[PDB]
Amino acid sequence: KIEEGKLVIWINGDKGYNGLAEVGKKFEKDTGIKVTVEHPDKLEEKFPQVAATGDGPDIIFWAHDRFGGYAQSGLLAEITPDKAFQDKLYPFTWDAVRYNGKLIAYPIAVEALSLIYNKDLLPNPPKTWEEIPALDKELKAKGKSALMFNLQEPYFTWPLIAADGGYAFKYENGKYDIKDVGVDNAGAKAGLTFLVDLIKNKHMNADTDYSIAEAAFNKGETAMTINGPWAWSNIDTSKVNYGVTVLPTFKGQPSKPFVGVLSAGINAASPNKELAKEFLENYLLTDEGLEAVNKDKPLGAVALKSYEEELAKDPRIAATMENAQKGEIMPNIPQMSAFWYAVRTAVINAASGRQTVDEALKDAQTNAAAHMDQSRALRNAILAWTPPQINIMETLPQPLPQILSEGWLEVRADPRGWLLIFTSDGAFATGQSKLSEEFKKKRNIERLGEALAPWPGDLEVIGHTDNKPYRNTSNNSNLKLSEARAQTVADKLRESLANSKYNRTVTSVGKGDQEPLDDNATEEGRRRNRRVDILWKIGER
């Protein structure tokens, strides 16, 4: 449960969380509201788990791409920056934080690939891709090469492939059209053909990967590479006299790198939405706020126009923002993993000679569509070991009806399958979260687990307590007791499901007195409220 009257902020470990804490300190001094900054490990996978519960931090800082799933799961609150505030930030940054037409985060920082070049080899680096062949010929005669960059990962070759017309998902009217992917079009083929031709003419090696390119550039053996701000410190350390500039154009058009936008989102379950809004809009997203975070750890380019003008005195920061404005926001939808796989396969196959460019992109298109269809199926349906020519959505399979007859467990149908319920009286000694001695001797929970094991379907364990007559507030001791009881039951189920053909997900959640089943004004009613729910999700009914 989130603590009203204060703010808990999650930001990743590689950011300037100490400077974020300073901004929190000034927030406290000015308003008395204390701000706590944390960097939990894997916070991007923690947040969707705890916020679904209603727990978590009030503010989460992460790259914008994951916020799409959170927004889909309803974990983020819509934000309401006014017109004057939105004009303070670069317009394109607001597109990175829109889900179904609703603003759902504040853009902080901006990141994209750039052209990195050796100033001693190349004081005036080429403006166009097309002029790189002749440049490599000249540099080959010196014992050098023009350009080496990671050809294994489509993140790095996509800027050229998109330049003349390739795209991932058509972005029209603030939404991504997963039916309109632009891998198999002429622009994509023209770019991928140019890339393949550089390899056939020996200007590049098809095996070149991230490590090979970095070593060659940082050793002064190639005049240019393509990388992100995360690579600059290794170049600094190699002391190669280097610069950072706009990516070359292709057929007169900008290379279009994908843009990652560090964003700040507000938890939908937060009871401090007004405090969060005020911290972000009036303290963090300001020259002073951003500068404080940036001194701790560089943000790179930033969405806030006024501070970006200050950071852009470094020509490398200016180039990052320039490439980002010419690029495309990374789509925040799950179908991107079909796009990435399909394109990755296409490029290594065209570059290796295994396929022509047109066959490889033709296959990428049909592969991606098939992949997206199959991913949806595993979301919306269950692929299960089925009896051949009993419907467990209408008839509980044996031995469940027997277990339900033993006087301790009940069931009712649920919109997502079956809700099993058992009162916690008797399952646990008074005030106890360890399972009663009686339940252990009878193997109540483990036989229930063994009864579910031959069948698919995830489980959700939810503990509830009664509450005291006429109190409209929640008891925090009752909350933790229900959470501990739920965890005991879920662990015991997991253990007894070890022999299942399924590795189902089993979550546990304490609801305390928040979700009563009946009236707490009588013991008749309080009894009903002291219970454990097991939601068995075998499909929608």
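In this structure, does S508 turn out to be among the polar types (S, T, N, Q), touching a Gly at 6+ places or on another chain (Cβ under 7 Å) and within 19 Å of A52 (Cα to Cα)? Give the derivation first.
On the way: among the polar types (S, T, N, Q): yes; touching a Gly at 6+ places or on another chain (Cβ under 7 Å): no; within 19 Å of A52 (Cα to Cα): yes.
Taking the combined requirement at face value, the residue does not satisfy it.
I'd like to verify a number: residues in region 74-96 that are surrounded by fewer than 16 Cβ atoms within 10 Å (Cβ to Cβ) and over 23 Å from the mean Cα position of the chain (by Cα), how many?
Residues flagged as surrounded by fewer than 16 Cβ atoms within 10 Å (Cβ to Cβ) and over 23 Å from the mean Cα position of the chain (by Cα) within region 74-96 amount to 7.
Can you say whether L299 is over 30 Å from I132 (Cβ atoms) and either touching a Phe, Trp or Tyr at 6+ places or on another chain (Cβ under 8 Å) or aromatic (F, W, Y) (or both), as far as the supplied structure shows?
It is false that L299 is over 30 Å from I132 (Cβ atoms) and either touching a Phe, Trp or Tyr at 6+ places or on another chain (Cβ under 8 Å) or aromatic (F, W, Y) (or both).
Kindly provide the set of residues from region 63-74 that are out of contact with any strand residue (DSSP E or B) (no Cβ under 7 Å at 6 or more places or on another chain), not in a helix (DSSP H, G or I) and not hydroxyl-bearing (S, T, Y), ordered by number.
Residue satisfying the conditions is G74 alone.
Any idea which of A109, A71, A52 is over 15 Å from the mean Cα position of the chain (by Cα) and aliphatic (A, V, I, L, M)?
Numbers: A71 fails: over 15 Å from the mean Cα position of the chain (by Cα); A52 fails: over 15 Å from the mean Cα position of the chain (by Cα).
Answer to the selection: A109.
Counting only residues that are of a type in the set (D, E, K, R), exposed (fewer than 15 other Cβ atoms within 10 Å of the Cβ) and out of contact with any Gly (no Cβ under 9 Å at 6 or more places or on another chain), how many does region 24-54 have?
Looking only at that region, the number is 7.
Given the conditions (1) surrounded by 14 or more Cβ atoms within 10 Å (Cβ to Cβ); (2) more than 20 Å from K295 (Cβ to Cβ), which single one is not true for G19?
Failing condition for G19: (2).
Pull up region 166-178, narrow it to residues that are surrounded by fewer than 18 Cβ atoms within 10 Å (Cβ to Cβ) and touching a helix residue (DSSP H, G or I) at 6+ places or on another chain (Cβ under 8 Å), then point me to the one that is farthest from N323 (Cα to Cα).
Among residues in region 166-178 that are surrounded by fewer than 18 Cβ atoms within 10 Å (Cβ to Cβ) and touching a helix residue (DSSP H, G or I) at 6+ places or on another chain (Cβ under 8 Å), the one farthest from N323 (Cα to Cα) is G174.
If a residue has to be buried (at least 18 other Cβ atoms within 10 Å of the Cβ), within 26 Å of the chain's Cα centre (by Cα) and part of a helix (DSSP H, G or I) to count, how many in region 327-349 make the cut?
Residues that pass the stated criteria total 8.
Spot the failing condition for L115; the list is (1) touching a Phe, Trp or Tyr at 6+ places or on another chain (Cβ under 9 Å); (2) farther than 25 Å from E3 by Cα, and only one is missed.
It fails just one condition, (1).
Take the residues in region 182-213 that are β-branched (V, I, T) and part of a helix (DSSP H, G or I), then tell me which one is surrounded by the fewest Cβ atoms within 10 Å (Cβ to Cβ).
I212
Between residues in region 383-409 that are charged (D, E, K, R) and residues that are surrounded by 10 or more Cβ atoms within 10 Å (Cβ to Cβ), which pairs lie under 8 Å by C-beta distance while being six or more apart or on different chains?
Here the result reads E406/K442; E406/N444, each pair linking region 383-409 to a residue that is surrounded by 10 or more Cβ atoms within 10 Å (Cβ to Cβ).
Over 30 Å from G74 (Cβ atoms) and hydrophobic (A, V, I, L, M, F, W, C) - does that describe any residue in region 258-275? Can you show your working first?
To start, the set of residues in region 258-275 that are over 30 Å from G74 (Cβ atoms) comprises none.
No - not one qualifying residue is present in region 258-275.
Scan the helices (runs of 4 or more DSSP H) fully inside region 397-514 and keep the ones with 2 or more residues being surrounded by 13 or more Cβ atoms within 10 Å (Cβ to Cβ) and in contact with a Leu (Cβ under 9 Å, 6 or more places away or on another chain).
In region 397-514, 400-404, 444-452, 476-496 are the helices (runs of 4 or more DSSP H) which contain 2 or more residues that are surrounded by 13 or more Cβ atoms within 10 Å (Cβ to Cβ) and in contact with a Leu (Cβ under 9 Å, 6 or more places away or on another chain).
Checking the structure you have, find out if any residue of region 350-358 is surrounded by 14 or more Cβ atoms within 10 Å (Cβ to Cβ), touching a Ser or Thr at 6+ places or on another chain (Cβ under 8 Å) and either closer than 30 Å to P229 by Cα or of a type in the set (G, A, S) (or both).
Among the residues of region 350-358, at least one is surrounded by 14 or more Cβ atoms within 10 Å (Cβ to Cβ), touching a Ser or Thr at 6+ places or on another chain (Cβ under 8 Å) and either closer than 30 Å to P229 by Cα or of a type in the set (G, A, S) (or both), which makes the answer yes.
All of the numbers you see were taken from the coordinates with simple rules; none came from a lab. Here the Cβ is made from the backbone with ideal geometry for all residues, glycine too, and neighbour counts use every protein chain on show.
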